[PDB]
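Here is what each chain is made of, one letter per residue.
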Amino acid sequence: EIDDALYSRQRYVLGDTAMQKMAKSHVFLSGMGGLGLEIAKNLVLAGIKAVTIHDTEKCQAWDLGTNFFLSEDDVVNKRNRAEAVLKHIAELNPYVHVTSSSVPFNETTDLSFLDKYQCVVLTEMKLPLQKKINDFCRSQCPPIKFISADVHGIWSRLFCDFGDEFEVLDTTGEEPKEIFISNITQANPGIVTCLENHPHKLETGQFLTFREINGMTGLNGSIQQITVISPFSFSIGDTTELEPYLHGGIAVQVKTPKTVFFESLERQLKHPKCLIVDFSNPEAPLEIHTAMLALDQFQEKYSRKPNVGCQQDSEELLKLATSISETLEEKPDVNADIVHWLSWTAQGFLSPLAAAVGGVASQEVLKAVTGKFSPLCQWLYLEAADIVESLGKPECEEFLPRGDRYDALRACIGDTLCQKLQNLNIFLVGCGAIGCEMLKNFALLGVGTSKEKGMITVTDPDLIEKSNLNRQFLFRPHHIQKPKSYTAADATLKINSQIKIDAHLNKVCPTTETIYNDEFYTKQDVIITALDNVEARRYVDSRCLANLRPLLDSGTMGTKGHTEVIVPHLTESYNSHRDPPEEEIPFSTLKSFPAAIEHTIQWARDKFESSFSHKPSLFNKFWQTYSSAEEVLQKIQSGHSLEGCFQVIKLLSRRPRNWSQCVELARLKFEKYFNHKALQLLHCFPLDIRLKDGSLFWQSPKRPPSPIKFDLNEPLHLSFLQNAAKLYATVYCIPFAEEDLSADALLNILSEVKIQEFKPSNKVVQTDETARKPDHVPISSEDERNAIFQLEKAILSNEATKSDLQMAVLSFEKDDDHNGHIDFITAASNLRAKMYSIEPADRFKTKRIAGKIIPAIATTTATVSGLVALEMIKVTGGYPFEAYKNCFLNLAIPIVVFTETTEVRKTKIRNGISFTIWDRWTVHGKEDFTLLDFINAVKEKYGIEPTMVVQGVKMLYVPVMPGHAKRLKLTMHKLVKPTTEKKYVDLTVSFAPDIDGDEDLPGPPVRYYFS
Ligand SMILES: O=P(O)(O)O[C@H]1[C@H](OP(=O)(O)O)[C@@H](OP(=O)(O)O)[C@H](OP(=O)(O)O)[C@@H](OP(=O)(O)O)[C@H]1OP(=O)(O)O
Ligand SMILES: Nc1ncnc2c1ncn2[C@@H]1O[C@H](COP(=O)(O)OP(=O)(O)OP(=O)(O)O)[C@@H](O)[C@H]1O
């Protein structure tokens, strides 16, 4: 079986069905350039059972700028490129069998040996050989999935060919959407209306199956094609033959395979299916395809690449391209600038672009070997011409090789910019997979190597986990339970010994802001984030905005990913981005009316939290508050309203003392959860109960629950009982052995267990969606008397010692199998599912949902890292606003979207006075500067009067407060008493609305200086 323990996220990303094909899979790859190296890293991280790399060339000092595994001695010994790194390749995954070859490739070379590979990847060989290879593989039975990837300086090319036909099992990879049926009409085609505010996002031609229909019992399980009518209506073919529609009904999306017809490589040369990544230039892919075809023709003609600055070579290439365009089907325009840049950067090689294209190539290889997603069809082109376009006309002397390990980079971008990279200061936040790939990018880029100014700072407080070995490739098995940052720094220094770097074990937060003060940010030049949560991102945004520093953001959600670029005075902010929050599940829905397995999953998560962390913590905190039980009793007798008294007293009263007591407590909890709750619900609302309009109360989406009889013979019952018993024993520190949860031992204790009889009673029920968690209703004195009797019996039994008040609060772990938390949550969720007869779910899905695990894969990480590095270079160049390109992509399609970053805004306030997010106003006064003096200072310095004052969150002035509007006569040093941490104070004030009736209009924050 798959080693899920390491693979983790990938399982959700792809599906174990696909994983069954990563086993038994055999992949060939040749060329072993930098691009080939990145592709190989991605593939080994993916988990291909067998990989055969191949190369014929040996090590050069030039290659040191493109390979991380390479050492100087490898070039010293003139070793073959593939061989010098094959050993390191095996380090990534023992489960992968990787092999190398050096058999020469030529026009007379036999190819039949390649039959043992499902997919073949080609880099760095001449085009005609590629043509022959494509012919052979696509002529094989079955045709062999062919992929050619190439990089030249600041350019790339990606192509795929899976034969004349390819069966894509899943086009999108999304979950099958579920729709609640509101109305059905007997028609041909029958019109079906969903619930209002429930957009269905269908397309005409899709297919769909149904279940639980009132009326058409026959349509349950039937499959129909659909034509969309409205966002909540559509057609499903003839339905007149059947009953009237009664109610209910569920729409389950049905996925179907699709066929993609890849054409031959050579024919695709004259008819390239170029995908578009920039709508503003839907012709650029065609032009670049022509340009590099002309380059290939030049290399064929001269057996060499053009010399940089050799205008003769550029003119020849331009003539060649001019010739080629006419041969094309469309005969598009010719870009002389593109030809010039190709000739200018032919000899170079760009590492980040290589990483990005390699990630995409690995994704296409996975699609080829799985069919899990619609692959590229057929061409793709990526470029970095923006970078060199900003440089105007630099001379070839900037790009001349100088012997160092960055000669190729110098050829790509020029020596001056290379030096700029060498002297940067980067404060990378978080060291997740994205962070690690980033550090690899700088290490290849020589960033910060200059002892003069280069100083790379990264902080991360977490430790290396086994699952993280799937993606954070810089780490090794013997590094688990060790700081991510230290391991990453050591690996980076191994990659490039010249690098200047520092690490930290800190977590970024306002508490640690003392370390990461404003001056530290001033030291920093570019800030990159690799976070996982949103609020931390917003906090970092606020800090960088206060520090006027550029920031880069990225995120990877499975096949999808996004990059955000923010530049001072040019772009908006991540805070300016205001994405809506999640879709709240009503408190009533979660507590009483589940309809989807996710509801029960969250419910079980919350119940676990309350049962094993929250309530135990309340218990422990209470006993810290109060020394002894006698004191508590005397207080309560004297009317002391001690918080949580009832719940805590009930807890200790039901506190077990032995393993059998743990088992019976678990049994009682099971009865309460899955029998008595449903019974009480039914008592409150019988099955026949109906709404005021007369329709059924127990209609969709509400599901009438059905109580469940216990039986240890049911695997679910036994598992739940075991998990609950173990958790409770851990709570009460009850010693135990693994023989205790043997089923026979359990039922032995269970045989004499007296099951309490259910008893309904009147209870307050919230049902409305917006009806939310009610506050504590005051409790009758009768229950206080009950609790008093309980603690009386406890003290009389002397079951009140300090140890009797000691208990170990649990912490929710999700990655370890032996804490049982995942098992318990799975048992509870499945039980609740059957409780309402809702569809069950597997353990792993429950773990993902409850743990809020975001699926991630190596390829998306590498690709976004490449793009982020590119944007970092663009930042370093100080390029104008137009160059930077915010990127969003969904490799599931696959699709790459390039767009200009959102421009900054001049927020006008009054009479044309406009301020951007980058504007922080300031005022200088003295110790006597009162609040009103500050009002006047604002009014004079920016022509606007304040109307309320907040220091951070401190409401310092508002007209609706009578007793504190007098603060106007008070200087801040005595009014707010600013902290000694700052020479200044940072504020935010809104002003009188121009619309009299509206609220105060916010303005830029102000840093006031006391002198
Ligand atoms: O406080 P919560 O953990 O959120 O859950 C409570 C709790 O059930 P547990 O005891 O199983 O945790 C209550 O029990 P007590 O804490 O009061 O002993 C129970 O109340 P009853 O004992 O009176 O049944 C109540 O159920 P209800 O609100 O229906 O009375 C139930 O609520 P949830 O489990 O739905 O949160
Ligand atoms: N406030 C913070 N300060 C520092 N590092 C942070 C902060 N918040 C998150 N991080 C880091 O962000 C990184 C995110 O990494 P990544 O997205 O690969 O997954 P993860 O958090 O390690 O866990 P999982 O793989 O289960 O998603 C973590 O290594 C974590 O240490």
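Residues numbered from 1 in each chain as written, not as in the entry; some residues may be left out. Chains lettered and ligands numbered in written order. Heavy atoms only, no water.

- As recorded in the PDB header, cryo-EM is the method behind this entry, and the stated resolution is 3.99 Å.

**Things to note about the overall build of the chain**
- Regarding its fold elements, the chain presents 33 helices and 33 strands.
- For 1011 residues, the compact-globule estimate of 2.2 N^0.38 gives 30 Å, and the C-alpha radius of gyration of the chain, at 34 Å, lies within 12% of that figure.
- Taken along the three principal axes of its C-alpha coordinates, the chain extends 100 × 85 × 65 Å.
- Within the chain, buried positions represent 53% of all 1011 residues.
- Long-range contacts, defined here as pairs at least 24 residues apart, represent 71% of the contacts in the chain between residues at least 6 apart.
- Total accessible area computed for the chain in this model is approximately 47,200 Å², and 55% of it derives from carbon and sulfur atoms.
- Of the side chains in the chain, 111 bear a positive and 130 a negative charge, and the two mean positions are spaced by 4 Å. (Helix = DSSP H or I, 4+ residues; strand = E, 2+ residues; numbered from the N terminus. Rg over C-alpha atoms; globule rule 2.2 N^0.38 Å. Buried < 20%, exposed > 50% of the residue type's maximum accessible area, 1.4 Å probe, protein only. Contact = heavy atoms within 4.5 Å. Areas by Shrake-Rupley, 256 points an atom, 1.4 Å probe, with all protein chains shown as cover. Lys, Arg positive; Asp, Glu negative; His and termini not counted. Charge placed at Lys NZ, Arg CZ, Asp CG, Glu CD.)

**Let's talk about the sheet that holds strand β21 (residues 551-557)**
- Read across the sheet, eight strands follow the order β19-β18-β17-β20-β21-β22-β23-β24 without closing on themselves; strand pairing throughout is mixed. Where the open sheet ends on each side, the last strands, each with one partner, are β19 (501-504) and β24 (895-900). Here the average twist between neighbouring strands, direction ignored, is 15 degrees.
- As paired strands, strand β17 (residues 425-429) and strand β18 (residues 455-459) are joined by five bridges and run parallel to one another. Pairing of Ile426 across the sheet is with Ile456, part of β18.
- Sheet strands in contact with helix α17 (residues 433-445) are β17, β20 (526-529) and β21, and its direction is about 160 degrees off that of β17. (Pairing = 2+ DSSP bridges. Axes fitted to C-alpha atoms, helices over the stretch in contact; angles between N-to-C directions.)

**Points about the sheet that holds strand β10 (residues 207-214)**
- The sheet built from seven strands is open, its strands ordered β11-β10-β14-β8-β9-β13-β12 with antiparallel pairing. Only two strands of the sheet have a single neighbouring strand rather than two, namely β11 (223-225) and β12 (227-230). Strand after strand, the sheet turns through a mean of 40 degrees between neighbouring axes, direction not considered.
- The pairing of strand β9 (residues 191-194) with strand β13 (residues 233-235) spans three bridges and is antiparallel. Bridging from a neighbouring strand, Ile191 pairs with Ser235 of β13.

**Description of helix α32 (residues 931-942)**
- The terminal C-alpha atoms of α32 lie 16 Å apart, and with twelve residues this matches the ideal 16 Å at 1.5 Å per residue to within 8%.
- Those residues of α32 lying buried are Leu931, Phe934, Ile935, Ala937, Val938 and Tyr942. Within α32, the buried residues cover an arc of 165 degrees as seen down the axis, which keeps them to one side. Counted as exposed and oriented over 90 degrees from the buried face of α32: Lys939 and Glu940.
- One or two positions beyond α32, positive phi appears at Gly943, with a value near 65 degrees. (Expected span 1.5 Å × (residues − 1). Arc of directions from axis to C-beta.)

**Section: helix α20 (residues 534-547)**
- Counted at 1.5 Å a residue, the expected span for α20 with its 14 residues is 20 Å, and the 20 Å between its end C-alpha atoms agrees.
- Of the positions making up α20, those classed as buried are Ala536, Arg537, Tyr539, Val540, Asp541, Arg543, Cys544 and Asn547.
- Buried residues belonging to α20 abut α19 (518-523), β20, β21 and β22 (560-566).
- Sitting at the head of α20, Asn533 places a side-chain oxygen 3.2 Å from the backbone nitrogen of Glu535. (Polar contact = N/O pair within 3.5 Å; in protein donor to acceptor, adjacent residues only side chain to side chain.)

**A closer look at the site of ligand 1**
- Lining the immediate surroundings of ligand 1 are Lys591, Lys607, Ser610, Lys615, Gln647, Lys650, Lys669, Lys672, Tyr673, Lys677 and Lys763.
- At a separation of 2.8 Å, an oxygen atom of ligand 1 approaches a polar side-chain atom of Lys650.
- Separating an oxygen atom of ligand 1 from a side-chain N or O atom of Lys672 is a distance of 2.8 Å.
- Within the complex, 63% of the 640 Å² of free accessible area of ligand 1 lies under protein.
- Here the shell around ligand 1 gets four residues from one element, more than from any other, and that element is helix α25 (residues 659-684).
- Of the residues contributing to the shell around ligand 1, the split by class is one nonpolar, two polar and eight charged. (Near = heavy atom within 4 Å. Nonpolar A, V, L, I, M, F, W, Y, C, P; charged D, E, K, R; others polar.)

**Points about the environment of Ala346**
- Within the element layout of this structure, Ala346 appears in the loop between α11 (336-344) and α12 (351-370).
- Among the residues examined, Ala346 registers a relative accessible area of 2% and is labelled buried.
- C-alpha separation for the pair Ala346 and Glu519, spaced 173 residues apart in sequence, amounts to 42 Å.
- Look past the residues within four positions of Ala346 in its chain and what remains in contact with it is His152, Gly153, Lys305 and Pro306.

**Here's the deal with the pairing of strand β4 (residues 119-122)**
- Side chains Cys119 and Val121 of β4 all project onto a buried face; the interleaved residues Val120 and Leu122 project onto the opposite face, where all are buried too.
- Pairing analysis gives four bridges linking strand β1 (residues 26-30) to β4, with the strands arranged parallel. Counted as the bridge partner of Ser30 is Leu122 from β4.
- Here β4 runs beside strand β5 (residues 145-152); their pairing, made up of four bridges, is parallel. Considered in β5, the bridge of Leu122 is made with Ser148.
- Taken together, β4, helix α7 (residues 127-139) and β5 constitute a β-α-β crossover, and its handedness is right-handed. (Right-handed = clockwise from strand over helix to strand, strands pointing away.)

**Topic: the nonpolar core**
- Formed by 147 residues in total, the largest nonpolar core has its most connected members in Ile426, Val447, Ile528 and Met872.
- Sort the elements by how many residues they give to this core and α12 lands first, with ten residues.
- Sequence-distant contacts of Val447, that is, excluding residues within four places in its chain, are made with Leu421, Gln422, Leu424, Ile426, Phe442, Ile456, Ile499 and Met872.
- Grouped together as the second largest cluster of nonpolar side chains are 48 residues, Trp659, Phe674, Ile734 and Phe824 included. (Core = buried A, V, L, I, M, F, W, Y, C linked by side-chain atoms within 4.5 Å.)

**Quick look at the site of ligand 2**
- In the vicinity of ligand 2 there are 18 residues, among which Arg9, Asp460, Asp462, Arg471 and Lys484 approach most closely.
- Measuring from an oxygen atom of ligand 2, one finds a side-chain N or O atom of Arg471 at 2.8 Å.
- Starting from 620 Å² of accessible surface for ligand 2 in isolation, the protein chains cover 88%.

**Structural notes on the side chain of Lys847**
- One can find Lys847 in helix α30 (residues 843-851).
- Despite being buried, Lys847 has no salt bridge partner; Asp817 is the closest side chain of opposite charge, sitting 5.2 Å away.
- Ignoring any residue separated from it by four or fewer positions in sequence, one finds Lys847 in contact with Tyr12, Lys814, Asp815, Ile822 and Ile853. (Salt bridge = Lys/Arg side-chain N within 4 Å of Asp/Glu carboxyl O.)

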